[PDB]
file protein_36.txt (compact mmCIF, C-alpha atoms and all ligand atoms)
# COMPACT_ATOMS: atom_id res chain seq x y z
CA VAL A 3 14.42 -21.16 -17.42
CA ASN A 4 13.09 -17.76 -16.45
CA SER A 5 12.55 -15.89 -13.18
CA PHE A 6 8.71 -16.18 -12.78
CA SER A 7 7.85 -17.94 -9.47
CA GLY A 8 4.75 -19.47 -7.84
CA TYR A 9 2.85 -19.91 -11.10
CA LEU A 10 0.42 -22.74 -11.75
CA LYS A 11 0.93 -24.26 -15.20
CA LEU A 12 -2.36 -24.39 -17.15
CA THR A 13 -1.01 -25.47 -20.56
CA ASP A 14 2.25 -25.90 -22.43
CA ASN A 15 2.62 -22.10 -22.61
CA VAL A 16 0.14 -20.45 -20.19
CA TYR A 17 0.78 -19.95 -16.47
CA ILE A 18 -1.37 -18.19 -13.84
CA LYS A 19 -0.73 -16.69 -10.40
CA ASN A 20 -2.71 -14.73 -7.83
CA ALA A 21 -0.57 -11.60 -7.87
CA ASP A 22 -0.57 -7.84 -8.22
CA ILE A 23 0.88 -7.26 -11.69
CA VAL A 24 2.58 -4.07 -10.45
CA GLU A 25 4.40 -5.92 -7.67
CA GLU A 26 5.15 -8.84 -9.95
CA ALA A 27 6.50 -6.49 -12.54
CA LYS A 28 8.74 -4.65 -10.06
CA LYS A 29 10.21 -7.94 -8.79
CA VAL A 30 10.58 -9.78 -12.02
CA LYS A 31 11.54 -6.85 -14.38
CA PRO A 32 10.13 -8.85 -17.27
CA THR A 33 11.08 -8.05 -20.83
CA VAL A 34 7.38 -7.31 -21.54
CA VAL A 35 4.53 -6.31 -19.24
CA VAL A 36 1.11 -6.04 -20.90
CA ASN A 37 -1.14 -3.11 -20.10
CA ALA A 38 -4.93 -3.33 -20.36
CA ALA A 39 -5.06 -0.16 -22.43
CA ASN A 40 -7.82 1.81 -24.13
CA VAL A 41 -7.48 3.32 -27.60
CA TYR A 42 -6.56 6.75 -26.19
CA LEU A 43 -3.91 5.33 -23.81
CA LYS A 44 -5.67 7.16 -20.98
CA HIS A 45 -4.41 5.14 -18.00
CA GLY A 46 -7.01 6.15 -15.45
CA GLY A 47 -7.99 3.00 -13.60
CA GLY A 48 -7.89 -0.74 -13.46
CA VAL A 49 -4.60 -2.32 -14.44
CA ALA A 50 -3.62 0.71 -16.53
CA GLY A 51 -4.17 3.18 -13.72
CA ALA A 52 -2.16 0.99 -11.36
CA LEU A 53 0.74 0.48 -13.78
CA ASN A 54 0.78 4.18 -14.61
CA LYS A 55 0.72 5.17 -10.92
CA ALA A 56 3.69 2.87 -10.28
CA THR A 57 5.64 4.78 -12.99
CA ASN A 58 4.90 8.12 -11.27
CA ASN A 59 2.83 9.11 -14.36
CA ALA A 60 5.76 8.65 -16.77
CA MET A 61 3.73 6.04 -18.65
CA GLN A 62 0.96 8.62 -19.21
CA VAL A 63 3.42 11.30 -20.36
CA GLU A 64 4.97 8.92 -22.89
CA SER A 65 1.52 7.74 -23.99
CA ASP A 66 0.25 11.27 -24.58
CA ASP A 67 3.19 11.94 -26.91
CA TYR A 68 2.49 8.63 -28.72
CA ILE A 69 -1.16 9.59 -29.31
CA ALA A 70 -0.29 13.12 -30.38
CA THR A 71 1.98 11.65 -33.07
CA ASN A 72 0.05 8.53 -34.13
CA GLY A 73 -3.60 8.95 -33.14
CA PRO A 74 -5.62 6.34 -31.26
CA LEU A 75 -5.07 2.63 -31.35
CA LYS A 76 -7.65 0.22 -32.78
CA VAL A 77 -9.75 -1.97 -30.51
CA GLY A 78 -7.88 -5.27 -30.77
CA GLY A 79 -4.62 -3.44 -31.48
CA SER A 80 -1.47 -2.65 -29.56
CA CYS A 81 1.69 -0.61 -29.39
CA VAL A 82 5.06 -1.17 -27.73
CA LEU A 83 6.27 1.61 -25.44
CA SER A 84 8.73 1.82 -22.56
CA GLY A 85 8.29 -0.36 -19.49
CA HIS A 86 9.73 2.44 -17.34
CA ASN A 87 10.66 1.08 -13.88
CA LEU A 88 8.45 -2.00 -14.29
CA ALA A 89 9.77 -3.87 -17.36
CA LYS A 90 11.93 -3.35 -20.42
CA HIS A 91 8.84 -2.77 -22.58
CA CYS A 92 5.13 -2.27 -22.05
CA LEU A 93 2.85 -3.81 -24.65
CA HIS A 94 -0.32 -1.69 -24.50
CA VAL A 95 -3.12 -3.96 -25.76
CA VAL A 96 -6.72 -2.82 -26.30
CA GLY A 97 -9.26 -5.49 -25.55
CA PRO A 98 -12.92 -4.73 -26.24
CA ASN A 99 -14.71 -2.89 -23.44
CA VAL A 100 -18.14 -4.49 -22.95
CA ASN A 101 -19.13 -1.39 -20.90
CA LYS A 102 -18.66 0.55 -24.19
CA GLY A 103 -20.52 -1.98 -26.39
CA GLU A 104 -17.43 -3.27 -28.28
CA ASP A 105 -17.51 -6.61 -30.03
CA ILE A 106 -16.19 -9.42 -27.86
CA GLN A 107 -14.91 -11.23 -30.99
CA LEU A 108 -12.16 -8.59 -30.95
CA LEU A 109 -10.75 -10.26 -27.83
CA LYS A 110 -9.04 -12.90 -29.97
CA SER A 111 -7.43 -10.19 -32.12
CA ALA A 112 -6.24 -8.46 -28.94
CA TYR A 113 -4.55 -11.63 -27.65
CA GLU A 114 -2.89 -12.21 -31.05
CA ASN A 115 -0.62 -9.26 -30.24
CA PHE A 116 0.98 -11.39 -27.53
CA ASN A 117 2.38 -13.77 -30.18
CA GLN A 118 4.88 -11.10 -31.27
CA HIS A 119 6.70 -11.55 -27.91
CA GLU A 120 8.40 -14.71 -26.68
CA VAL A 121 7.54 -14.16 -22.98
CA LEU A 122 5.05 -11.77 -21.33
CA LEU A 123 3.65 -10.87 -17.93
CA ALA A 124 0.04 -9.98 -18.54
CA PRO A 125 -3.42 -9.45 -17.08
CA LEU A 126 -6.50 -11.11 -18.49
CA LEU A 127 -7.58 -8.88 -21.36
CA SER A 128 -11.03 -7.28 -21.14
CA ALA A 129 -11.42 -8.45 -17.52
CA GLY A 130 -12.00 -6.17 -14.55
CA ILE A 131 -13.45 -2.79 -15.48
CA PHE A 132 -13.53 -3.78 -19.17
CA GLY A 133 -16.55 -5.90 -18.31
CA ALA A 134 -15.87 -9.25 -19.97
CA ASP A 135 -16.16 -12.64 -18.27
CA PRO A 136 -12.63 -13.48 -17.06
CA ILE A 137 -13.27 -17.21 -17.57
CA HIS A 138 -13.99 -16.50 -21.28
CA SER A 139 -10.93 -14.28 -21.46
CA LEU A 140 -8.76 -17.09 -20.09
CA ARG A 141 -10.19 -19.52 -22.65
CA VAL A 142 -9.45 -17.13 -25.53
CA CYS A 143 -5.95 -16.56 -24.13
CA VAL A 144 -5.20 -20.29 -24.01
CA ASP A 145 -6.65 -20.85 -27.49
CA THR A 146 -4.86 -17.86 -29.09
CA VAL A 147 -1.51 -17.17 -27.46
CA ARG A 148 1.30 -19.53 -28.46
CA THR A 149 4.15 -17.68 -26.74
CA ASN A 150 4.84 -17.99 -23.02
CA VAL A 151 2.37 -15.95 -20.98
CA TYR A 152 2.41 -15.45 -17.21
CA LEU A 153 -1.04 -14.22 -16.14
CA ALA A 154 -1.32 -12.18 -12.96
CA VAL A 155 -4.79 -12.20 -11.40
CA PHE A 156 -5.21 -9.60 -8.66
CA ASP A 157 -8.33 -11.03 -7.00
CA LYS A 158 -7.71 -14.23 -5.02
CA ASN A 159 -11.37 -15.26 -5.24
CA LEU A 160 -11.28 -14.88 -9.01
CA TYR A 161 -7.96 -16.70 -9.30
CA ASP A 162 -9.36 -19.73 -7.46
CA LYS A 163 -12.45 -19.71 -9.68
CA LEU A 164 -10.35 -19.46 -12.86
CA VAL A 165 -8.36 -22.44 -11.80
CA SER A 166 -11.23 -24.59 -10.53
CA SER A 167 -13.28 -24.12 -13.72
CA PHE A 168 -10.40 -24.48 -16.20
CA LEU A 169 -10.90 -27.16 -18.84
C1 LIG A 201 -2.94 -4.16 -9.68
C2 LIG A 201 -4.30 -3.46 -9.74
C3 LIG A 201 -4.73 -2.64 -8.52
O1 LIG A 201 -5.63 -1.87 -8.56
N1 LIG A 201 -3.94 -2.85 -7.32
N2 LIG A 201 -4.24 -2.12 -6.15
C4 LIG A 201 -3.61 -0.84 -5.93
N3 LIG A 201 -2.80 -0.31 -6.85
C5 LIG A 201 -2.23 0.87 -6.63
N4 LIG A 201 -2.43 1.57 -5.53
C6 LIG A 201 -3.24 1.09 -4.54
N5 LIG A 201 -3.64 1.55 -3.33
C7 LIG A 201 -4.46 0.65 -2.78
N6 LIG A 201 -4.60 -0.38 -3.62
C8 LIG A 201 -3.85 -0.12 -4.72
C9 LIG A 201 -5.36 -4.28 -10.47
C10 LIG A 201 -4.84 -2.99 -11.09
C1 LIG A 202 -10.39 -8.53 -10.10
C2 LIG A 202 -9.31 -7.96 -11.04
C3 LIG A 202 -8.48 -8.93 -11.91
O1 LIG A 202 -8.73 -10.09 -11.85
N1 LIG A 202 -7.43 -8.49 -12.83
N2 LIG A 202 -7.01 -7.15 -12.97
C4 LIG A 202 -5.65 -6.99 -12.50
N3 LIG A 202 -4.81 -7.99 -12.74
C5 LIG A 202 -3.56 -7.92 -12.32
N4 LIG A 202 -3.11 -6.87 -11.63
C6 LIG A 202 -3.94 -5.82 -11.34
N5 LIG A 202 -3.78 -4.63 -10.67
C7 LIG A 202 -4.96 -3.98 -10.70
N6 LIG A 202 -5.86 -4.72 -11.36
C8 LIG A 202 -5.23 -5.86 -11.76
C9 LIG A 202 -8.67 -6.66 -10.55
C10 LIG A 202 -9.67 -6.64 -11.71
call {"tool": "encode", "arguments": {"input": "protein_36.txt", "output": "structure tokens", "more": "lines below"}}
Ligand SMILES: CC1(C(=O)NNc2ncnc3nc[nH]c23)CC1
Ligand SMILES: CC1(C(=O)NNc2ncnc3nc[nH]c23)CC1
result
Amino acid sequence: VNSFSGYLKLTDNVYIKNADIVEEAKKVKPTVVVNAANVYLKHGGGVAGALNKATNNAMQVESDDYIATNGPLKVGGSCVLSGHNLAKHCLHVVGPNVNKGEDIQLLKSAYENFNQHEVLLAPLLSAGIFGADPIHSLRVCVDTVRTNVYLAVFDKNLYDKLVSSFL
């Protein structure tokens, strides 16, 4: 038993809720919150901009030091950094950005990072401003992640569509 509430169960291990991931993170304090990162960890908008804003820019400060030491992530890759006031840890995961021409096949590789963590609060990778079809992203999530994932979907209209079309 864990503290996530109001989720609809899609599979053995995948759950989904219409929620703001920032508000869900601040209430749950999960062990891991996933950020929809880019390779530079520049948290300007979308989920990343919202998570970073909720940390009062501390996420960005930590991220800039990470990049200065390690260089950019790979598309499909990840790194574990602090969760600041939102979670114990933040798993920054880079899904492909269709608005940058990145290969959508890398979405499966991106979701594989989730398997290194027993439980995660996460957004749909490559959705929103990353330009992928969220229904496809949900399918890849279900078919790739084996650990317990709690998906927060900000848009109520999208949440209802994800649910109604789920196979
Ligand atoms: C959770 C998410 C998002 O953008 N939430 N909305 C807002 N977040 C932060 N400050 C806001 N001020 C008005 N709306 C705001 C999808 C990334
Ligand atoms: C329609 C929409 C979506 O479905 N997911 N993105 C997000 N998911 C969870 N929390 C978020 N806070 C800001 N954007 C968020 C916003 C792009």
call {"tool": "residues_around", "arguments": {"input": "protein_36.txt", "residues": "residue 39 (chain A)", "least_positions_apart": "3", "cutoff": "7 Å", "atoms": "all atoms listed in the file", "output": "VMD selection string"}}
result
chain A and resid 43 45 50 94 to 96
call {"tool": "closest_atom_pairs", "arguments": {"input": "protein_36.txt", "of": "region 23-47 of chain A", "to": "region 53-63 of chain A", "cutoff": "9 Å", "atoms": "only C-alpha atoms", "output": "JSON lines"}}
result
{"residue": "A:23", "atom": "CA", "partner": "A:53", "partner_atom": "CA", "distance": 8.0}
{"residue": "A:24", "atom": "CA", "partner": "A:53", "partner_atom": "CA", "distance": 5.9}
{"residue": "A:37", "atom": "CA", "partner": "A:53", "partner_atom": "CA", "distance": 7.5}
{"residue": "A:43", "atom": "CA", "partner": "A:62", "partner_atom": "CA", "distance": 7.5}
{"residue": "A:44", "atom": "CA", "partner": "A:62", "partner_atom": "CA", "distance": 7.0}
{"residue": "A:45", "atom": "CA", "partner": "A:54", "partner_atom": "CA", "distance": 6.3}
{"residue": "A:46", "atom": "CA", "partner": "A:54", "partner_atom": "CA", "distance": 8.1}
{"residue": "A:47", "atom": "CA", "partner": "A:54", "partner_atom": "CA", "distance": 8.9}
call {"tool": "residues_near_ligand", "arguments": {"input": "protein_36.txt", "ligand": "ligand LIG 202 (chain A)", "cutoff": "8 Å", "atoms": "only C-alpha atoms and all ligand atoms", "output": "list in words"}}
result
residues 21, 22, 23, 24, 48, 49, 50, 51, 52, 53, 124, 125, 126, 129, 130, 131, 136, 153, 154, 155, 156, 157, 160 and 161 of chain A
call {"tool": "residues_around", "arguments": {"input": "protein_36.txt", "residues": "residue 83 (chain A)", "least_positions_apart": "4", "cutoff": "9 Å", "atoms": "all atoms listed in the file", "output": "PyMOL selection string"}}
result
chain A and resi 61+64-65+68+91-94
call {"tool": "closest_residue", "arguments": {"input": "protein_36.txt", "among": "A:132, A:108, A:148, A:86", "to": "ligand LIG 201 (chain A)", "atoms": "only C-alpha atoms and all ligand atoms"}}
result
A:132
call {"tool": "closest_residue", "arguments": {"input": "protein_36.txt", "among": "A:165, A:137, A:27, A:18", "to": "ligand LIG 201 (chain A)", "atoms": "all atoms listed in the file"}}
result
A:27
call {"tool": "closest_residue", "arguments": {"input": "protein_36.txt", "among": "A:140, A:38, A:88, A:164", "to": "ligand LIG 201 (chain A)", "atoms": "all atoms listed in the file"}}
result
A:38
call {"tool": "atom_distance", "arguments": {"input": "protein_36.txt", "atom1": "CA of residue 29 (chain A)", "atom2": "CA of residue 5 (chain A)"}}
result
9.4 Å
call {"tool": "closest_residue", "arguments": {"input": "protein_36.txt", "among": "A:105, A:135, A:120, A:25", "to": "ligand LIG 201 (chain A)", "atoms": "only C-alpha atoms and all ligand atoms"}}
result
A:25
call {"tool": "atom_distance", "arguments": {"input": "protein_36.txt", "atom1": "CA of residue 87 (chain A)", "atom2": "atom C10 of ligand LIG 201 (chain A)"}}
result
16.3 Å
call {"tool": "residues_around", "arguments": {"input": "protein_36.txt", "residues": "region 111-119 of chain A", "least_positions_apart": "6", "cutoff": "10 Å", "atoms": "all atoms listed in the file", "output": "JSON, numbers by chain"}}
result
{"A": [33, 34, 36, 76, 77, 78, 79, 80, 81, 93, 94, 95, 96, 97, 98, 126, 127, 128, 139, 142, 143, 144, 145, 146, 147, 148, 149, 150, 151]}
call {"tool": "atom_distance", "arguments": {"input": "protein_36.txt", "atom1": "CA of residue 169 (chain A)", "atom2": "CA of residue 103 (chain A)"}}
result
28.0 Å
call {"tool": "closest_residue", "arguments": {"input": "protein_36.txt", "among": "A:104, A:26, A:14, A:162", "to": "ligand LIG 201 (chain A)", "atoms": "all atoms listed in the file"}}
result
A:26
